[PDB]
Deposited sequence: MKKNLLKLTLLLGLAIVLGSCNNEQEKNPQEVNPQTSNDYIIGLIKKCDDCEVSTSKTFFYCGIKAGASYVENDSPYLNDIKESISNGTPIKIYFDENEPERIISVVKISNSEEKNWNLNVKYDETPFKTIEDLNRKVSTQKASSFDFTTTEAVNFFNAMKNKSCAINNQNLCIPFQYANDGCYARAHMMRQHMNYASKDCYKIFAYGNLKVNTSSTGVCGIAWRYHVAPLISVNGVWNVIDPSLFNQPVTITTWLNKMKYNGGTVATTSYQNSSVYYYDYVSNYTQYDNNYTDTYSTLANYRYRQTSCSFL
């Protein structure tokens, strides 16, 4: 088995995943969705060793089944250095909404135009280099949010990132049931007439309130454990460990957009 689908990062055991005597579930790097490896896989011990040492590794995924780990391999010293250079452990500065209230300000129509402009960059609508894979719900929220941030900044606007964490579940099907499960989700957050609005074309067709955004992620008994607010420069943030990843040159963003460019949402449950 071969694949061009890899990432470099930490692996964590998935505690609240489906019980199985044949598969073991993990979270790889900063993916919002779980992966798994077969229990008889000759790489399972490499995964465990990586967890014990708390070090990043390269993980390859089945090109026909993106959730499935087909191998892992130790990374080089330069790969490890480059990975470490984007990592910080630090508390989020922001604990409340009032903290955000201190360019971040959009008019109502500025917000709507921006939303629409981002929606039109979807790979499903305009398939081209750097298109944003809104059509692929399983993963990639971190890169979609960071790319939206870049486009904002070009117009001299900025945002915060809102992260939700928990047993997140959404129904992506308009007609029936195409359920997707996440450990977290992130989207840009902008100020419109003094109300913070989430900009998430992967879930909505317009700017919405935080409450509306969070409520979407409680499908089929889904729950939100907590949320975190972050500077837009923050690519990923783990509220439990304070793990913080930056992507200042949009290297990982571009790589992720490209990886998911042609992917279609795969229903986690039916």
*Could you give the ranges of the deposited sequence that carry no C-alpha coordinates?*
1-34, 137-144
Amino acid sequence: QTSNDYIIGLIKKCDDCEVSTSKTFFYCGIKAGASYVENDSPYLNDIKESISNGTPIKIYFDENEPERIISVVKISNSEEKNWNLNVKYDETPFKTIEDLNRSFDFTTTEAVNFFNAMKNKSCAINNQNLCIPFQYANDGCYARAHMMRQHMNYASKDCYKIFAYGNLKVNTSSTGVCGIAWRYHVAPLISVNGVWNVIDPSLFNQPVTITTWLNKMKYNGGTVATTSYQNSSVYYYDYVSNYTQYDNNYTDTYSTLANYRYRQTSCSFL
From here on, numbers count along this sequence of modelled residues.
*Between 107-115 and 178-186, which has the higher average C-alpha B-factor in the PDB entry?*
107-115
*asked:* Please compare 58-66 with 217-225 and name the stretch with the higher mean C-alpha B-factor in the deposited structure.
replied: 217-225
*Select one of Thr212, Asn242, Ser41, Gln230: the residue whose C-alpha shows the highest B-factor in the crystal structure entry.*
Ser41
*Specify which of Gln150, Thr172, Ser76, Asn84 carries the largest Cα B factor in the deposited PDB entry.*
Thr172
_Modelled-residue ranking by C-alpha temperature factor, third containing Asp90_ = highest
*Chain thirds of CA B-factor: placement of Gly166*: lowest
_Per the entry's values, where does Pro133 land by CA temperature factor relative to the rest of its chain, in the lowest, middle or highest third?_
middle
*asked:* Looking at the temperature factor on the CA atom of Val37, which third of the chain's modelled residues does it land in?
replied: middle
*C-alpha B factor of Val208, ranked within the chain: lowest, middle or highest third?*
middle
